[PDB]
file entry.pdb (PDB, C-alpha atoms)
ATOM      1  CA  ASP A   1      -1.069  20.248 -14.823
ATOM      2  CA  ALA A   2      -3.173  22.116 -17.318
ATOM      3  CA  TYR A   3      -4.396  18.693 -18.255
ATOM      4  CA  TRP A   4      -4.944  17.578 -14.657
ATOM      5  CA  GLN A   5      -7.212  20.502 -13.880
ATOM      6  CA  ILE A   6      -9.626  19.353 -16.593
ATOM      7  CA  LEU A   7      -9.823  15.842 -15.173
ATOM      8  CA  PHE A   8     -10.442  17.113 -11.618
ATOM      9  CA  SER A   9     -13.194  19.533 -12.669
ATOM     10  CA  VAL A  10     -14.905  16.633 -14.447
ATOM     11  CA  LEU A  11     -14.488  14.302 -11.433
ATOM     12  CA  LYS A  12     -16.265  16.937  -9.372
ATOM     13  CA  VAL A  13     -19.295  16.216 -11.593
ATOM     14  CA  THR A  14     -18.938  12.461 -11.934
ATOM     15  CA  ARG A  15     -21.314  10.271  -9.883
ATOM     16  CA  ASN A  16     -20.665   6.812  -8.479
ATOM     17  CA  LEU A  17     -17.121   6.583  -9.866
ATOM     18  CA  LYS A  18     -15.678   3.481  -8.186
ATOM     19  CA  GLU A  19     -12.223   3.256  -9.840
ATOM     20  CA  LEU A  20      -9.599   5.802 -10.918
ATOM     21  CA  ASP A  21      -6.369   4.628 -12.568
ATOM     22  CA  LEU A  22      -3.771   7.338 -13.323
ATOM     23  CA  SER A  23      -0.908   4.854 -13.557
ATOM     24  CA  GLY A  24       1.939   5.757 -15.853
ATOM     25  CA  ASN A  25       1.266   9.532 -15.915
ATOM     26  CA  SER A  26       3.311  11.993 -13.873
ATOM     27  CA  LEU A  27       1.467  13.967 -11.207
ATOM     28  CA  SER A  28       3.122  17.060  -9.792
ATOM     29  CA  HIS A  29       2.876  17.804  -6.062
ATOM     30  CA  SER A  30       0.182  20.257  -7.122
ATOM     31  CA  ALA A  31      -1.911  17.661  -8.953
ATOM     32  CA  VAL A  32      -1.503  15.320  -5.966
ATOM     33  CA  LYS A  33      -3.009  18.037  -3.754
ATOM     34  CA  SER A  34      -6.009  18.482  -6.054
ATOM     35  CA  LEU A  35      -6.474  14.734  -6.091
ATOM     36  CA  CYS A  36      -6.383  14.642  -2.277
ATOM     37  CA  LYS A  37      -9.177  17.248  -2.264
ATOM     38  CA  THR A  38     -11.181  14.904  -4.519
ATOM     39  CA  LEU A  39     -10.745  12.050  -2.032
ATOM     40  CA  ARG A  40     -11.787  14.146   0.965
ATOM     41  CA  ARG A  41     -15.178  14.976  -0.553
ATOM     42  CA  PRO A  42     -18.159  13.229   1.161
ATOM     43  CA  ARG A  43     -19.623  12.286  -2.221
ATOM     44  CA  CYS A  44     -16.379  10.435  -3.073
ATOM     45  CA  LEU A  45     -17.236   6.795  -3.648
ATOM     46  CA  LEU A  46     -13.874   5.643  -5.066
ATOM     47  CA  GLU A  47     -13.084   2.068  -4.059
ATOM     48  CA  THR A  48      -9.869   1.660  -6.102
ATOM     49  CA  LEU A  49      -7.186   4.249  -6.768
ATOM     50  CA  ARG A  50      -4.101   3.376  -8.866
ATOM     51  CA  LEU A  51      -1.194   5.833  -8.945
ATOM     52  CA  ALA A  52       1.537   3.440 -10.042
ATOM     53  CA  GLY A  53       4.439   4.991 -11.941
ATOM     54  CA  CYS A  54       3.235   8.530 -11.388
ATOM     55  CA  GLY A  55       6.386  10.225 -10.150
ATOM     56  CA  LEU A  56       5.239  10.277  -6.506
ATOM     57  CA  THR A  57       7.704  10.916  -3.670
ATOM     58  CA  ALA A  58       7.663  10.752   0.157
ATOM     59  CA  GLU A  59       5.909  14.092   0.639
ATOM     60  CA  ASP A  60       3.092  12.862  -1.626
ATOM     61  CA  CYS A  61       2.506   9.964   0.793
ATOM     62  CA  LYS A  62       1.888  12.446   3.604
ATOM     63  CA  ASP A  63      -0.766  14.189   1.530
ATOM     64  CA  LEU A  64      -2.362  10.896   0.503
ATOM     65  CA  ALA A  65      -2.361   9.650   4.093
ATOM     66  CA  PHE A  66      -4.137  12.793   5.283
ATOM     67  CA  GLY A  67      -6.592  12.514   2.362
ATOM     68  CA  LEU A  68      -7.432   8.932   3.475
ATOM     69  CA  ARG A  69      -8.187  10.137   7.039
ATOM     70  CA  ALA A  70     -11.869  10.931   6.341
ATOM     71  CA  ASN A  71     -12.408   8.489   3.504
ATOM     72  CA  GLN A  72     -14.364   5.326   4.256
ATOM     73  CA  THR A  73     -14.848   4.031   0.709
ATOM     74  CA  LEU A  74     -11.344   3.408  -0.639
ATOM     75  CA  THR A  75     -10.444  -0.277  -0.267
ATOM     76  CA  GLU A  76      -7.512  -0.583  -2.724
ATOM     77  CA  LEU A  77      -4.526   1.662  -3.317
ATOM     78  CA  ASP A  78      -1.606   1.119  -5.741
ATOM     79  CA  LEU A  79       1.551   3.206  -5.221
ATOM     80  CA  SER A  80       3.949   0.871  -7.092
ATOM     81  CA  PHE A  81       6.834   2.169  -9.206
ATOM     82  CA  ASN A  82       7.243   5.437  -7.352
ATOM     83  CA  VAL A  83      10.292   6.450  -5.283
ATOM     84  CA  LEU A  84       8.369   6.690  -1.997
ATOM     85  CA  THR A  85      11.360   5.662   0.163
ATOM     86  CA  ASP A  86      11.151   4.494   3.768
ATOM     87  CA  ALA A  87      10.041   8.012   4.734
ATOM     88  CA  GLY A  88       7.036   7.731   2.438
ATOM     89  CA  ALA A  89       6.105   4.316   3.785
ATOM     90  CA  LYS A  90       6.209   5.683   7.350
ATOM     91  CA  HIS A  91       3.549   8.308   6.534
ATOM     92  CA  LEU A  92       1.287   5.644   5.036
ATOM     93  CA  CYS A  93       1.770   3.313   8.030
ATOM     94  CA  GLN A  94       0.678   6.047  10.453
ATOM     95  CA  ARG A  95      -2.717   6.057   8.729
ATOM     96  CA  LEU A  96      -3.061   2.325   8.029
ATOM     97  CA  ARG A  97      -2.619   1.309  11.680
ATOM     98  CA  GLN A  98      -5.564   3.499  12.770
ATOM     99  CA  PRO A  99      -8.728   1.606  13.831
ATOM    100  CA  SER A 100     -10.893   3.533  11.376
ATOM    101  CA  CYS A 101      -8.806   2.460   8.353
ATOM    102  CA  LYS A 102     -10.800   0.539   5.708
ATOM    103  CA  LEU A 103      -8.032  -0.143   3.179
ATOM    104  CA  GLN A 104      -7.919  -3.830   2.164
ATOM    105  CA  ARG A 105      -5.326  -3.984  -0.613
ATOM    106  CA  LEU A 106      -2.096  -2.038  -0.892
ATOM    107  CA  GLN A 107       0.632  -2.370  -3.512
ATOM    108  CA  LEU A 108       4.088  -0.934  -2.912
ATOM    109  CA  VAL A 109       6.063  -2.775  -5.620
ATOM    110  CA  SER A 110       9.411  -1.144  -6.481
ATOM    111  CA  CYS A 111       9.043   1.826  -4.134
ATOM    112  CA  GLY A 112      12.617   2.129  -2.927
ATOM    113  CA  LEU A 113      11.887   0.499   0.453
ATOM    114  CA  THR A 114      14.489  -1.051   2.807
ATOM    115  CA  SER A 115      14.488  -2.897   6.084
ATOM    116  CA  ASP A 116      14.274   0.502   7.794
ATOM    117  CA  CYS A 117      10.515   0.707   7.059
ATOM    118  CA  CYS A 118       9.785  -2.820   8.185
ATOM    119  CA  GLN A 119       9.137  -2.033  11.868
ATOM    120  CA  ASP A 120       6.517   0.500  10.711
ATOM    121  CA  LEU A 121       5.033  -2.097   8.322
ATOM    122  CA  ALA A 122       4.980  -4.718  11.046
ATOM    123  CA  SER A 123       2.958  -2.332  13.310
ATOM    124  CA  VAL A 124       0.440  -2.142  10.476
ATOM    125  CA  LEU A 125       0.312  -5.898  10.125
ATOM    126  CA  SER A 126      -0.333  -6.286  13.889
ATOM    127  CA  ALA A 127      -2.946  -3.500  14.293
ATOM    128  CA  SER A 128      -4.671  -2.762  10.989
ATOM    129  CA  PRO A 129      -8.364  -3.663  11.159
ATOM    130  CA  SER A 130      -8.667  -4.077   7.397
ATOM    131  CA  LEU A 131      -5.415  -4.871   5.515
ATOM    132  CA  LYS A 132      -5.723  -8.185   3.636
ATOM    133  CA  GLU A 133      -3.166  -7.914   0.809
ATOM    134  CA  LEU A 134       0.186  -6.185   0.742
ATOM    135  CA  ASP A 135       2.654  -6.401  -2.160
ATOM    136  CA  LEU A 136       6.263  -5.512  -1.363
ATOM    137  CA  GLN A 137       8.011  -7.070  -4.389
ATOM    138  CA  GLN A 138      10.973  -5.385  -5.996
ATOM    139  CA  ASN A 139      12.157  -3.851  -2.758
ATOM    140  CA  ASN A 140      15.445  -4.688  -1.027
ATOM    141  CA  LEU A 141      14.167  -5.662   2.452
ATOM    142  CA  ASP A 142      16.727  -8.352   3.437
ATOM    143  CA  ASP A 143      16.657 -10.839   6.290
ATOM    144  CA  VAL A 144      16.605  -8.034   8.858
ATOM    145  CA  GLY A 145      13.445  -6.434   7.452
ATOM    146  CA  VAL A 146      11.619  -9.661   6.683
ATOM    147  CA  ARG A 147      12.255 -10.824  10.275
ATOM    148  CA  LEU A 148      10.565  -7.646  11.492
ATOM    149  CA  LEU A 149       7.641  -8.297   9.123
ATOM    150  CA  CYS A 150       7.271 -11.801  10.479
ATOM    151  CA  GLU A 151       6.983 -10.408  14.053
ATOM    152  CA  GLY A 152       3.796  -8.569  12.916
ATOM    153  CA  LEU A 153       2.474 -11.399  10.755
ATOM    154  CA  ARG A 154       2.606 -13.716  13.760
ATOM    155  CA  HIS A 155       0.164 -11.497  15.675
ATOM    156  CA  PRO A 156      -3.178 -13.360  15.855
ATOM    157  CA  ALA A 157      -4.969 -10.097  15.097
ATOM    158  CA  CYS A 158      -3.097  -9.758  11.768
ATOM    159  CA  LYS A 159      -5.682  -9.717   8.984
ATOM    160  CA  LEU A 160      -3.252 -10.309   6.094
ATOM    161  CA  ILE A 161      -3.905 -13.215   3.742
ATOM    162  CA  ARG A 162      -1.518 -12.343   0.821
ATOM    163  CA  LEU A 163       2.037 -11.015   1.093
ATOM    164  CA  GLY A 164       4.062 -10.251  -2.036
ATOM    165  CA  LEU A 165       7.772 -10.610  -1.192
ATOM    166  CA  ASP A 166      11.111 -11.107  -3.027
ATOM    167  CA  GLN A 167      12.609 -14.259  -1.405
ATOM    168  CA  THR A 168      15.553 -15.038  -3.764
ATOM    169  CA  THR A 169      18.264 -13.172  -1.885
ATOM    170  CA  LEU A 170      17.017 -14.148   1.590
ATOM    171  CA  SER A 171      19.082 -16.611   3.634
ATOM    172  CA  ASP A 172      18.222 -20.280   3.900
ATOM    173  CA  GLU A 173      17.372 -19.662   7.598
ATOM    174  CA  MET A 174      14.974 -16.835   6.676
ATOM    175  CA  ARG A 175      13.242 -18.922   4.006
ATOM    176  CA  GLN A 176      12.783 -21.765   6.500
ATOM    177  CA  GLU A 177      11.291 -19.230   8.942
ATOM    178  CA  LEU A 178       8.843 -18.013   6.244
ATOM    179  CA  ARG A 179       7.778 -21.537   5.397
ATOM    180  CA  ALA A 180       7.273 -22.253   9.121
ATOM    181  CA  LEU A 181       5.031 -19.207   9.354
ATOM    182  CA  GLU A 182       3.024 -20.363   6.329
ATOM    183  CA  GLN A 183       2.473 -23.720   8.072
ATOM    184  CA  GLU A 184       1.282 -21.931  11.234
ATOM    185  CA  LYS A 185      -0.923 -19.427   9.371
ATOM    186  CA  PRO A 186      -2.508 -21.469   6.549
ATOM    187  CA  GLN A 187      -4.761 -18.535   5.559
ATOM    188  CA  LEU A 188      -1.587 -16.609   4.519
ATOM    189  CA  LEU A 189      -0.095 -16.949   1.042
ATOM    190  CA  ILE A 190       3.362 -15.499   0.430
ATOM    191  CA  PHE A 191       3.876 -15.066  -3.264
ATOM    192  CA  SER A 192       6.233 -13.580  -5.746
ATOM    193  CA  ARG A 193       6.717 -13.199  -9.551
ATOM    194  CA  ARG A 194       8.917 -16.316  -9.238
ATOM    195  CA  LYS A 195       6.604 -18.202  -6.814
ATOM    196  CA  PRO A 196       3.187 -17.011  -8.226
ATOM    197  CA  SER A 197       1.426 -19.777  -6.210
TER     198      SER A 197
END
call {"tool": "encode", "arguments": {"input": "entry.pdb", "output": "structure tokens"}}
result
Amino acid sequence: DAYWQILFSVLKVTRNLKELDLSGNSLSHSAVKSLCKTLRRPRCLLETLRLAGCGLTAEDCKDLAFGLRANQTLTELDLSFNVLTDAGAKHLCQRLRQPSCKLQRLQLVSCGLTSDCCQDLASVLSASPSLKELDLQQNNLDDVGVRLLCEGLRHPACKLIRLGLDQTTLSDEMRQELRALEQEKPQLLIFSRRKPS
């Protein structure tokens, strides 16, 4: 946190910074709050923010979601490899389904998510004005959650074109349903580490 205060005082002076990648370094709740201040500034021109493997938890998602409320420049956010839990995803979803949201690309790989966040995610898929890519690999969503996701993906207003999803432990019936969706929505690619396609 010593350290983090140096970085944030410098960012206050930086101009035109489009990307900020903190991945792999732990941020305390307190550093998260100073970062959220950074994002709220009107001069903030960040387009990409990467916080993967940073020790974030659910309460951090609430702060990030509120920090995105004003922001119109961020188009890509990586929260992979943090124990966000379903409660953390729910805070993000509240923001991402708003009509002012500009976020295009969101990565939630290995974030401790279950089927219990998938109704919230599906409401994002159906209503977000901006979300094009969503990576949910390394989360245990199961047939129940993926079915809920598919209910949102089927919405003709769904903007998504790339979904990252673990398919190995899904049922044969679920995998047939996903392939049927891909046939109906040819602009959508469902990929994984095992089906990189």
call {"tool": "closest_atom_pairs", "arguments": {"input": "entry.pdb", "of": "stretch 91-145 of chain A", "to": "stretch 76-84 of chain A", "cutoff": "12 Å", "atoms": "all atoms listed in the file", "output": "tab-separated table"}}
result
residue	atom	partner	partner_atom	distance
A:91	CA	A:84	CA	9.9
A:92	CA	A:84	CA	10.0
A:96	CA	A:77	CA	11.5
A:101	CA	A:76	CA	11.6
A:102	CA	A:76	CA	9.1
A:103	CA	A:76	CA	5.9
A:104	CA	A:76	CA	5.9
A:105	CA	A:76	CA	4.6
A:106	CA	A:77	CA	5.0
A:107	CA	A:78	CA	4.7
A:108	CA	A:80	CA	4.6
A:109	CA	A:80	CA	4.5
A:110	CA	A:81	CA	5.0
A:111	CA	A:83	CA	4.9
A:112	CA	A:83	CA	5.4
A:113	CA	A:84	CA	7.5
A:114	CA	A:84	CA	11.0
A:117	CA	A:84	CA	11.1
A:130	CA	A:76	CA	10.8
A:131	CA	A:76	CA	9.5
A:132	CA	A:76	CA	10.1
A:133	CA	A:76	CA	9.2
A:134	CA	A:78	CA	9.9
A:135	CA	A:80	CA	8.9
A:136	CA	A:80	CA	8.9
A:137	CA	A:80	CA	9.3
A:138	CA	A:81	CA	9.2
A:139	CA	A:81	CA	10.3
call {"tool": "residues_around", "arguments": {"input": "entry.pdb", "residues": "residue A:119", "least_positions_apart": "3", "cutoff": "8 Å", "atoms": "only C-alpha atoms", "output": "number ranges by chain"}}
result
A: 115-116, 122-123, 145, 148-149
call {"tool": "closest_residue", "arguments": {"input": "entry.pdb", "among": "A:142, A:1, A:47, A:19", "to": "residue A:165", "atoms": "all atoms listed in the file"}}
result
A:142
call {"tool": "axis_aligned_box", "arguments": {"input": "entry.pdb", "around": "stretch 169-179 of chain A", "padding_each_side": "8 Å", "output": "AutoDock Vina command-line options"}}
result
--center_x 13.4 --center_y -17.5 --center_z 3.5 --size_x 27.3 --size_y 24.6 --size_z 26.8
call {"tool": "atom_distance", "arguments": {"input": "entry.pdb", "atom1": "atom CA of residue A:22", "atom2": "atom CA of residue A:55"}}
result
11.0 Å
call {"tool": "residues_around", "arguments": {"input": "entry.pdb", "residues": "residue A:176", "least_positions_apart": "6", "cutoff": "12 Å", "atoms": "all atoms listed in the file", "output": "list in words"}}
result
residues 143, 147, 167, 170, 182 and 183 of chain A
call {"tool": "resolve_selection", "arguments": {"input": "entry.pdb", "expression": "the PyMOL selection byres ((chain A and resi 26-33) around 10)", "output": "list in words"}}
result
residues 1, 2, 3, 4, 5, 8, 22, 23, 24, 25, 34, 35, 36, 37, 38, 39, 51, 52, 53, 54, 55, 56, 57, 59, 60, 61, 63, 64 and 67 of chain A
call {"tool": "resolve_selection", "arguments": {"input": "entry.pdb", "expression": "the PyMOL selection byres ((chain A and resi 162) around 7)", "output": "number ranges by chain"}}
result
A: 132-134, 160-161, 163-164, 188-190
call {"tool": "write_last_selection", "arguments": {"input": "entry.pdb", "atoms": "C-alpha atoms", "output": "JSON list (two decimals), keeping the file's coordinate frame"}}
result
[["chain", "number", "residue", "atom", "x", "y", "z"],
["A", 132, "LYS", "CA", -5.72, -8.18, 3.64],
["A", 133, "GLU", "CA", -3.17, -7.91, 0.81],
["A", 134, "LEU", "CA", 0.19, -6.18, 0.74],
["A", 160, "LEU", "CA", -3.25, -10.31, 6.09],
["A", 161, "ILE", "CA", -3.90, -13.22, 3.74],
["A", 163, "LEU", "CA", 2.04, -11.02, 1.09],
["A", 164, "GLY", "CA", 4.06, -10.25, -2.04],
["A", 188, "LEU", "CA", -1.59, -16.61, 4.52],
["A", 189, "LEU", "CA", -0.10, -16.95, 1.04],
["A", 190, "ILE", "CA", 3.36, -15.50, 0.43]]
call {"tool": "closest_residue", "arguments": {"input": "entry.pdb", "among": "A:15, A:194, A:155, A:90", "to": "residue A:181", "atoms": "all atoms listed in the file"}}
result
A:155
call {"tool": "resolve_selection", "arguments": {"input": "entry.pdb", "expression": "the PyMOL selection byres ((chain A and resi 71) around 10)", "output": "PyMOL selection string"}}
result
chain A and resi 39-47+66-70+72-75+100-103
call {"tool": "atom_distance", "arguments": {"input": "entry.pdb", "atom1": "atom CA of residue A:129", "atom2": "atom CA of residue A:11"}}
result
29.5 Å
call {"tool": "atom_distance", "arguments": {"input": "entry.pdb", "atom1": "atom CA of residue A:166", "atom2": "atom CA of residue A:179"}}
result
13.8 Å
call {"tool": "residues_near_point", "arguments": {"input": "entry.pdb", "point": "(-8.0, 5.0, -10.6)", "cutoff": "6 Å", "atoms": "only C-alpha atoms", "output": "compact mmCIF listing (two decimals) with C-alpha atoms, keeping the file's coordinate frame"}}
result
# COMPACT_ATOMS: atom_id res chain seq x y z
CA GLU A 19 -12.22 3.26 -9.84
CA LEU A 20 -9.60 5.80 -10.92
CA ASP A 21 -6.37 4.63 -12.57
CA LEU A 22 -3.77 7.34 -13.32
CA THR A 48 -9.87 1.66 -6.10
CA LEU A 49 -7.19 4.25 -6.77
CA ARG A 50 -4.10 3.38 -8.87
call {"tool": "closest_residue", "arguments": {"input": "entry.pdb", "among": "A:141, A:125, A:153, A:7", "to": "residue A:86", "atoms": "all atoms listed in the file"}}
result
A:141
